[PDB]
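Data block below; observations after.
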Amino acid sequence: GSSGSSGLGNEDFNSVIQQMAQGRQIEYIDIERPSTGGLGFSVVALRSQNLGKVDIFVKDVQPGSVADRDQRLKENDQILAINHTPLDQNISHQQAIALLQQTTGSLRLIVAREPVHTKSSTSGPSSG
């Protein structure tokens, strides 16, 4: 369905994000939009199950570009909102991409991450 209002109602920007994350730890990845460069990362569109919507995930995180050398954007990071705008059922996968290809100077991305649970994922820093 479609609706139009001035602001928010039952569900606010803080609620929508908290609902899409599902408790998952949310992180604000602030990226500095370069002048002679780009985000340095790609995104994938995958229709979710919750409801007519698309889940944008950060793929091909060029390990060395601003996204990294500058920010700490991780791969497979489901973007909940972009520049103060959630990609809920309201916004499709396309719109999400625009906000990026459009948003200049500063580009914020609120992604979620799954917590730890008797996982014990072996991870260590490698020098070379």
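Simple scheme: letters A, B, ... for chains in structure tokens order, numbers from 1 for residues in each chain, numbers from 1 for ligands in the order shown.
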Could I get the residues of segment 96-124 of chain A with an atom no further than 10 Å from an atom of segment 59-81 of chain A, each paired with its nearest atom pair and that distance in Å to one decimal, using only C-alpha atoms, sorted by chain and residue number, as JSON lines?
{"residue": "A:96", "atom": "CA", "partner": "A:81", "partner_atom": "CA", "distance": 8.5}
{"residue": "A:99", "atom": "CA", "partner": "A:81", "partner_atom": "CA", "distance": 9.9}
{"residue": "A:108", "atom": "CA", "partner": "A:81", "partner_atom": "CA", "distance": 8.4}
{"residue": "A:109", "atom": "CA", "partner": "A:81", "partner_atom": "CA", "distance": 6.1}
{"residue": "A:110", "atom": "CA", "partner": "A:81", "partner_atom": "CA", "distance": 5.2}
{"residue": "A:111", "atom": "CA", "partner": "A:79", "partner_atom": "CA", "distance": 4.3}
{"residue": "A:112", "atom": "CA", "partner": "A:78", "partner_atom": "CA", "distance": 6.0}
{"residue": "A:113", "atom": "CA", "partner": "A:77", "partner_atom": "CA", "distance": 7.0}
{"residue": "A:114", "atom": "CA", "partner": "A:77", "partner_atom": "CA", "distance": 9.9}
Those same residues - C-alpha atoms - I'd like them written as a tab-separated table (two decimals), in the first residue's frame.
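The resulting file, part.tsv, is shown below:
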chain	number	residue	atom	x	y	z
A	96	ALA	CA	18.28	3.43	-2.22
A	99	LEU	CA	20.53	8.45	-2.48
A	108	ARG	CA	25.94	8.25	5.97
A	109	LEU	CA	24.79	4.62	6.08
A	110	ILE	CA	23.05	2.91	8.99
A	111	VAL	CA	23.72	-0.82	8.75
A	112	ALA	CA	22.93	-3.62	11.19
A	113	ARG	CA	25.09	-6.47	12.50
A	114	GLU	CA	24.34	-9.81	14.16
Where does DSSP see strand (DSSP E) in segment 65-128 of chain A, if you list the residues as an mmCIF file with N, CA and C atoms, in the first residue's frame?
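This is the output file selection.cif:
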data_model
loop_
_atom_site.group_PDB
_atom_site.id
_atom_site.type_symbol
_atom_site.label_atom_id
_atom_site.label_comp_id
_atom_site.auth_asym_id
_atom_site.auth_seq_id
_atom_site.Cartn_x
_atom_site.Cartn_y
_atom_site.Cartn_z
ATOM 1 N N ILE A 79 21.920 -2.190 4.693
ATOM 2 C CA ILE A 79 21.679 -0.769 4.914
ATOM 3 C C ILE A 79 20.219 -0.508 5.267
ATOM 4 N N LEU A 80 19.985 -0.047 6.491
ATOM 5 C CA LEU A 80 18.634 0.246 6.953
ATOM 6 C C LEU A 80 18.184 1.626 6.483
ATOM 7 N N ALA A 81 19.069 2.608 6.617
ATOM 8 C CA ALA A 81 18.765 3.972 6.203
ATOM 9 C C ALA A 81 19.978 4.632 5.557
ATOM 10 N N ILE A 82 19.724 5.576 4.657
ATOM 11 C CA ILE A 82 20.796 6.284 3.969
ATOM 12 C C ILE A 82 20.565 7.791 3.996
ATOM 13 N N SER A 106 29.154 14.264 2.025
ATOM 14 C CA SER A 106 29.071 13.297 3.114
ATOM 15 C C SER A 106 27.956 12.287 2.859
ATOM 16 N N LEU A 107 28.268 11.011 3.054
ATOM 17 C CA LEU A 107 27.294 9.945 2.846
ATOM 18 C C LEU A 107 27.232 9.018 4.056
ATOM 19 N N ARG A 108 26.125 9.081 4.787
ATOM 20 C CA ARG A 108 25.940 8.248 5.969
ATOM 21 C C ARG A 108 25.148 6.988 5.628
ATOM 22 N N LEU A 109 25.468 5.892 6.308
ATOM 23 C CA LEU A 109 24.787 4.624 6.077
ATOM 24 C C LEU A 109 24.608 3.856 7.384
ATOM 25 N N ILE A 110 23.354 3.636 7.768
ATOM 26 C CA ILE A 110 23.049 2.912 8.995
ATOM 27 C C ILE A 110 22.808 1.433 8.715
ATOM 28 N N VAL A 111 23.824 0.615 8.970
ATOM 29 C CA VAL A 111 23.722 -0.823 8.749
ATOM 30 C C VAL A 111 23.606 -1.576 10.069
ATOM 31 N N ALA A 112 23.090 -2.799 10.004
ATOM 32 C CA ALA A 112 22.927 -3.624 11.194
ATOM 33 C C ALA A 112 23.902 -4.797 11.186
ATOM 34 N N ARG A 113 24.169 -5.346 12.367
ATOM 35 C CA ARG A 113 25.087 -6.472 12.496
ATOM 36 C C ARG A 113 24.578 -7.473 13.529
#
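Across segment 2-92 of chain A, DSSP run on the backbone finds helix (DSSP H, G or I) at residues 13, 14, 15, 16, 17, 18, 19, 20, 21, 66, 67, 68, 69 and 70 of chain A.
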Residues just named, written with N, CA, C and O atoms as a PDB file, in the first residue's frame:
ATOM      1  N   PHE A  13      11.062   7.341  12.458  1.00  0.00           N
ATOM      2  CA  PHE A  13      12.352   6.967  11.891  1.00  0.00           C
ATOM      3  C   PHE A  13      13.141   6.094  12.861  1.00  0.00           C
ATOM      4  O   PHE A  13      13.886   5.206  12.450  1.00  0.00           O
ATOM      5  N   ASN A  14      12.971   6.355  14.153  1.00  0.00           N
ATOM      6  CA  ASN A  14      13.668   5.594  15.184  1.00  0.00           C
ATOM      7  C   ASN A  14      13.038   4.216  15.364  1.00  0.00           C
ATOM      8  O   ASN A  14      13.704   3.266  15.774  1.00  0.00           O
ATOM      9  N   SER A  15      11.749   4.117  15.054  1.00  0.00           N
ATOM     10  CA  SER A  15      11.027   2.856  15.184  1.00  0.00           C
ATOM     11  C   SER A  15      11.268   1.965  13.969  1.00  0.00           C
ATOM     12  O   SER A  15      11.581   0.781  14.107  1.00  0.00           O
ATOM     13  N   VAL A  16      11.121   2.541  12.781  1.00  0.00           N
ATOM     14  CA  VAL A  16      11.324   1.800  11.542  1.00  0.00           C
ATOM     15  C   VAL A  16      12.676   1.095  11.538  1.00  0.00           C
ATOM     16  O   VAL A  16      12.770  -0.087  11.205  1.00  0.00           O
ATOM     17  N   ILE A  17      13.720   1.827  11.910  1.00  0.00           N
ATOM     18  CA  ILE A  17      15.067   1.272  11.952  1.00  0.00           C
ATOM     19  C   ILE A  17      15.178   0.179  13.009  1.00  0.00           C
ATOM     20  O   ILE A  17      15.789  -0.863  12.776  1.00  0.00           O
ATOM     21  N   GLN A  18      14.584   0.426  14.172  1.00  0.00           N
ATOM     22  CA  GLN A  18      14.616  -0.537  15.266  1.00  0.00           C
ATOM     23  C   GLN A  18      13.795  -1.777  14.925  1.00  0.00           C
ATOM     24  O   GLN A  18      14.000  -2.845  15.500  1.00  0.00           O
ATOM     25  N   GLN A  19      12.868  -1.627  13.984  1.00  0.00           N
ATOM     26  CA  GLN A  19      12.017  -2.733  13.567  1.00  0.00           C
ATOM     27  C   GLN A  19      12.689  -3.553  12.471  1.00  0.00           C
ATOM     28  O   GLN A  19      12.543  -4.774  12.417  1.00  0.00           O
ATOM     29  N   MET A  20      13.426  -2.875  11.597  1.00  0.00           N
ATOM     30  CA  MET A  20      14.121  -3.541  10.503  1.00  0.00           C
ATOM     31  C   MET A  20      15.359  -4.274  11.010  1.00  0.00           C
ATOM     32  O   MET A  20      15.712  -5.339  10.506  1.00  0.00           O
ATOM     33  N   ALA A  21      16.013  -3.697  12.013  1.00  0.00           N
ATOM     34  CA  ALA A  21      17.210  -4.296  12.591  1.00  0.00           C
ATOM     35  C   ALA A  21      16.870  -5.568  13.360  1.00  0.00           C
ATOM     36  O   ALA A  21      17.625  -6.540  13.333  1.00  0.00           O
ATOM     37  N   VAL A  66      38.174   4.955   0.043  1.00  0.00           N
ATOM     38  CA  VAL A  66      37.656   5.745   1.152  1.00  0.00           C
ATOM     39  C   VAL A  66      36.819   4.889   2.094  1.00  0.00           C
ATOM     40  O   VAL A  66      36.971   4.958   3.314  1.00  0.00           O
ATOM     41  N   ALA A  67      35.935   4.078   1.520  1.00  0.00           N
ATOM     42  CA  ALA A  67      35.075   3.205   2.308  1.00  0.00           C
ATOM     43  C   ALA A  67      35.873   2.473   3.383  1.00  0.00           C
ATOM     44  O   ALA A  67      35.353   2.175   4.459  1.00  0.00           O
ATOM     45  N   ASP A  68      37.135   2.186   3.084  1.00  0.00           N
ATOM     46  CA  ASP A  68      38.003   1.490   4.026  1.00  0.00           C
ATOM     47  C   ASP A  68      39.059   2.435   4.592  1.00  0.00           C
ATOM     48  O   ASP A  68      39.025   2.782   5.773  1.00  0.00           O
ATOM     49  N   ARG A  69      39.996   2.846   3.744  1.00  0.00           N
ATOM     50  CA  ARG A  69      41.062   3.748   4.161  1.00  0.00           C
ATOM     51  C   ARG A  69      40.514   4.865   5.044  1.00  0.00           C
ATOM     52  O   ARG A  69      41.224   5.401   5.895  1.00  0.00           O
ATOM     53  N   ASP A  70      39.249   5.210   4.835  1.00  0.00           N
ATOM     54  CA  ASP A  70      38.605   6.263   5.613  1.00  0.00           C
ATOM     55  C   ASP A  70      37.632   5.672   6.629  1.00  0.00           C
ATOM     56  O   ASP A  70      37.857   5.753   7.836  1.00  0.00           O
TER      57      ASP A  70
END
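You can rank A:37, A:47, A:32, A:88 by their closest distance to residue 11 of chain A using only C-alpha atoms, and at the top of that list sits A:88.
If only C-alpha atoms are the atoms counted, then among A:43, A:116, A:58, A:31 the closest residue to residue 83 of chain A is A:31.
Distance annotation: of A:93, A:126, A:120, A:105, the residue with the minimal separation from residue 35 of chain A is A:105; atom set is only C-alpha atoms.
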Atom CA of residue 122 of chain A to atom CA of residue 55 of chain A, straight-line distance in Å: 28.1 Å
